[PDB]
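Scroll down for the structure; my scribbles are underneath it.
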Amino acid sequence: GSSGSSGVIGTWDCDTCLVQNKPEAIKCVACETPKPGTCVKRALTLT
Ligand SMILES: [Zn+2]
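Numbering-wise, the entry's author numbering puts 6 at position 6 of the sequence shown, and it's gapless, one number per residue.
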């Protein structure tokens, strides 16, 4: 919400290789790095 919002888009931009990966892939394809954020935001109630 405020103080920095999380990309509300689908695909996520990697940090190591900085490659474009689908929101379905749990990990990257180039560097094969595990997506950050252990907890799933979904947990909370949608708008
Ligand atoms: Zn990567």
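No residue lacks a Cβ here, since even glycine has one placed at the ideal position from N, Cα and C.
Contact check, residue i vs residue j, beta carbons under 9 Å
i: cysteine 14; j: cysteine 31; result: yes
i: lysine 35; j: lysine 27; result: yes
i: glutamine 20; j: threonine 11; result: yes
i: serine 2; j: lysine 41; result: no
Residue i Cβ short of 8 Å to ligand 1 heavy atom set
i: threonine 33; result: yes
i: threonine 16; result: yes
i: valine 19; result: yes
i: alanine 30; result: yes
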